[PDB]
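Undergrad: Here's my sequence, what's the structure:
(chains A and B, ligands or ions: 2)
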2 protein chains.
Amino acid sequence: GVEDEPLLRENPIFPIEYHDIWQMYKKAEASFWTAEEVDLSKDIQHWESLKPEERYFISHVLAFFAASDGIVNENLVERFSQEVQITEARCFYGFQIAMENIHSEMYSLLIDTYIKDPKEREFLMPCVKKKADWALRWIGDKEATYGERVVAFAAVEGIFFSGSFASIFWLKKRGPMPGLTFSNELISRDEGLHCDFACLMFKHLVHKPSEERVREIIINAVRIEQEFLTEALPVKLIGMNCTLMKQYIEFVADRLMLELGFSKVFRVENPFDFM
Amino acid sequence: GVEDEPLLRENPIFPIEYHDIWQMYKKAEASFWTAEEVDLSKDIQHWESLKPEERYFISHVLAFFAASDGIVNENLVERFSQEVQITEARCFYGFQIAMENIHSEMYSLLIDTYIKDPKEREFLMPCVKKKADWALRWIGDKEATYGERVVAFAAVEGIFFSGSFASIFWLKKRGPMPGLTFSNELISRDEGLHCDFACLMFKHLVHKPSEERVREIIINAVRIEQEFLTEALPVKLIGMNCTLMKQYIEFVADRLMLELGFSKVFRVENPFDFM
Ligand SMILES: [Fe+3]
Ligand SMILES: [Fe+3]
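TA: Numbering: from 1, shown residues only, chains lettered A, B, ... in the order given. Ligands and ions are numbered 1, 2, ... in the order given. Coordinates below:
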């Protein structure tokens, strides 16, 4: 029933029809940044002073972020930006793809700098790919509605990285590593705005999935993220409490629900007062 | 015969396989700019001091540039960036789409500033759309090879605007209009790099059209551009010699041929020593 969707139906570019969308493109635009603005010189001095558990962890979280912004960008290219046929939402998606490419680079500048041997670089991982069946499936499914798929990538960019951004912010106070922590600040701000944008699109969608459907996608997204940070790569390795991290995930997942216009599912407070 | 094309065949992102491509993305990246960096305040003072032939002309050239970067960007979205399946050429196309959106905006900031009444804004035009059958056809044709279609948009971004960029550069010395002339400097630099990139892709294409095919696309592109500037909207209106403009087109069209790796077709010198 796509004819009834203002967002998706075909149409006849500074007569601004969608101010809320446009205001976010210019917000994304105004936060432009490139890898070379992030000084990584002063880092190996700190990476050297780390524990070895703190390196198996930081290296792995960086590597999960490599196999992550590539799936986000494979979806906006060959699905989202094709479908959405209104002008303002295409500029944003156009700018988003540009930044997802810079994020992808930044993570690789980091991994090249913290790992000089290519044989190490090769794990990619049965550790990480738990989300493939959830994620890459919402690229691959031809029955998945736009509405389901918008909520889906709201979850990827807002739940799935949330813990990892929390980790780097935790390391940052304990103490610095300006490459990791300055990139992370910029990258976590970008993902918030992308995640907010996914929400704005949802709001403009007449036909959306039932609450139970939206809850399912999010609840399930959270469990997979909780599993990654408490078992597959415990934030224990860098001195953090698992329970608190499982709980932060849920705070973030609830904050998404409120923003998609639905009720809290978990009701937990934010455990981390730095976030 | 797409399996034999390194550029197009499927494949397994900072192991840099294509340095020449990457070096251009970072060149595009480093030349990032947004509309708000172009001060349009100081312009109506000069637009006021124009002749009325100089306004029917500048307004129309701006309007041709509105119905122009929209077709360039409709091709990279729903054709080019889909097909090209190598990493470096996707970042560039990703960054290109971002800038084509900013160009499209800039032209609209200009037209809104030089034309306060929307009833004027409405011509779009049987004047302009001569290229549709040539251009939008190379979006619409499912028989057109990549090679033909890469040369095609090399022509759009390098021939089709060339005269118009020449006009604004001519006005600039006679004298200023910093909005028009600063935008134009930035926009004509972007189109040169996009046009150079189209050339770099052509070079990396095993299977390309015969010289006669390449000559046809370019020769025909030139005639349509020559027609626009000497009949449909003569650069006479702003005091310029038609013959010289017909000849500049040909200098530019020859400079494209040399860069696609072929012989000159016209052998003319550059008539305009400001270009
Ligand atoms: Fe993102
Ligand atoms: Fe261009």
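
Undergrad: which one is the closest residue to ligand 2 within the stretch 1-150 of chain A nearest to, not counting chain neighbours?
TA: In the stretch 1-150 of chain A, the residue that lies nearest ligand 2 is residue A:94 (13.2 Å; CB to the ion). For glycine as for every other residue, the C-beta is placed from the backbone atoms N, C-alpha and C. Sequence neighbours aside, residue B:97 is the residue nearest to residue A:94 in space, at 4.8 Å (criterion: CB to CB, 6 or more residues apart in numbering or on different chains).

Undergrad: what helix or strand does the one you found sit in?
TA: Residue B:97 is part of helix B:87-114 when elements are defined by DSSP states H and E.

Undergrad: what's downstream of that helix, the next helix or strand?
TA: Moving toward the C-terminus from helix B:87-114, the next helix or strand (DSSP H and E) is helix B:118-121.

Undergrad: got the buried residues for that next one?
TA: Buried residues in helix B:118-121, counted by 16 or more other CB atoms under 10 Å in any protein chain shown: residue B:121.

Undergrad: what do you get for stretch A:262-275?
TA: A:265, A:268, A:271.

Undergrad: So which residues on chain A come close to ligand 1?
TA: A:157, A:191, A:194 (CB under 5 Å from the ion).

Undergrad: For chain B, state which of those is nearest.
TA: Chain B lies nearest to residue A:194 out of those, by CB to the nearest CB, at 14.6 Å.

Undergrad: So that closest one is in contact with residue A:95, correct?
TA: No. Residue A:194 is beyond contact range of residue A:95, at 9.9 Å (criterion: CB atoms under 8 Å).

Undergrad: Show me where the stretch 51-200 of chain A has its helices.
TA: A:53-75, A:81-83, A:87-114, A:118-121, A:135-140, A:146-155, A:162-172, A:178-203 (DSSP state H, counting those that start in this stretch).

Undergrad: same for the third one, what does it pack against?
TA: Packing contacts for helix A:87-114, counted by 3 or more CB pairs under 8 Å, 6 or more residues apart in numbering or on different chains; DSSP states H and E, involve helix A:19-30, helix A:44-49, helix A:53-75, helix A:81-83, helix A:178-203, helix B:87-114.

Undergrad: which of these sits most buried?
TA: With neighbours defined as mean count of other CB atoms under 10 Å in any protein chain shown, the helices and strands packed on helix A:87-114 peak in mean count at helix B:87-114, which reaches a mean of 22.

Undergrad: For the residue nearest to residue A:266 when sequence neighbours are not counted, give me its contacts.
TA: Closest residue to residue A:266 apart from its sequence neighbours, by CB to CB, 6+ apart: residue A:250 at 3.9 Å. By CB atoms under 8 Å, 6 or more residues apart in numbering or on different chains, the contact set of residue A:250 is A:222, A:266, A:268.

Undergrad: Now do residue A:250 against ligand 2, distance only.
TA: 46 Å (CB to the ion, to the nearest Å).

Undergrad: Please give the element, helix or strand, for that residue.
TA: Going by DSSP H and E, residue A:250 is in helix A:242-259.

Undergrad: Can I get that helix as CSV, trimmed to CA atoms?
TA: This file holds the C-alpha atoms of helix A:242-259, laid out as CSV (Å, rounded to 0.1, in the frame of the first residue of the first chain):
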residue,chain,number,x,y,z
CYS,A,242,28.3,-6.8,33.0
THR,A,243,25.0,-6.3,34.8
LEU,A,244,25.4,-2.5,34.5
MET,A,245,26.2,-2.9,30.8
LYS,A,246,23.1,-5.2,30.2
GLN,A,247,21.2,-2.5,31.9
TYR,A,248,22.6,0.5,29.9
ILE,A,249,21.6,-1.4,26.6
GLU,A,250,18.0,-1.5,28.0
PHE,A,251,18.0,2.2,28.9
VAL,A,252,19.1,3.0,25.3
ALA,A,253,16.6,0.5,23.9
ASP,A,254,13.8,2.2,26.0
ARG,A,255,15.0,5.6,24.8
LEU,A,256,14.6,4.5,21.2
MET,A,257,11.0,3.2,22.0
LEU,A,258,9.9,6.5,23.4
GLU,A,259,11.4,8.2,20.4
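
Undergrad: For burial, what's the neighbour tally of residue A:143?
TA: If you count neighbours by other CB atoms under 10 Å in any protein chain shown, residue A:143 ends up with 5.

Undergrad: The one 4 residues further on now?
TA: A count of nearby residues for residue A:147, using other CB under 10 Å, gives 20.

Undergrad: Where does the nearest residue to it once chain neighbours are set aside sit: helix, strand or coil?
TA: Among residues not flanking residue A:147 along the chain, residue A:208 sits closest, at 4.2 Å (CB to CB, 6+ apart). Classification of residue A:208 by DSSP: H, G, I helix; E, B strand; the rest coil places it in coil.

Undergrad: Return the residues of the stretch 1-150 of chain A in contact with chain B.
TA: Neighbours of chain B within the stretch 1-150 of chain A, by CB under 8 Å from any CB of the partner chain: A:13-14, A:29-30, A:32, A:34, A:66, A:70, A:77-78, A:81-82, A:90-91, A:94-95, A:97-98, A:101, A:104-105, A:108-109, A:111-112.

Undergrad: Nearest spatial neighbour of residue A:20, chain-adjacent residues omitted?
TA: Nearest non-adjacent residue to residue A:20, counting by CB to CB, 6+ apart: residue A:200, 6.1 Å away.

Undergrad: Does the one you found touch residue A:24 like I think?
TA: Yes. If you go by CB under 8 Å, residue A:200 and residue A:24 touch, sitting 6.6 Å apart.

Undergrad: what sits in contact with each of these two?
TA: Common contacts of residue A:200 and residue A:24 (CB under 8 Å, 6+ apart): none found.

Undergrad: want to throw the helices of the stretch 51-200 of chain A into TSV with distance to residue B:125?
TA: Below are these laid out as TSV (distance: least, CB to CB, whole Å):
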stretch	distance to residue B:125
helix A:53-75	37
helix A:81-83	28
helix A:87-114	20
helix A:118-121	55
helix A:135-140	40
helix A:146-155	34
helix A:162-172	50
helix A:178-203	33
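
Undergrad: what's the distance between residue A:75 and residue A:194?
TA: 12 Å (CB to CB, to the nearest Å).

Undergrad: How about the stretch 51-200 of chain A: which residue is closest to ligand 1?
TA: Closest point on the stretch 51-200 of chain A to ligand 1, by CB to the ion, is residue A:194, at 3.8 Å.

Undergrad: got a list of what the residue of the stretch 1-150 of chain A closest to ligand 2 touches?
TA: Applying CB under 8 Å, 6+ apart, the residues contacting residue A:94 are A:81, B:94, B:97, B:98, B:101.

Undergrad: what do you get if the cut-off is 7 Å, keeping everything else the same?
TA: A:81, B:97, B:98, B:101 (CB atoms under 7 Å, 6 or more residues apart in numbering or on different chains).

Undergrad: just residue A:274 next, same as before
TA: So residue A:274 contacts A:169, A:173 (CB under 7 Å, 6+ apart).
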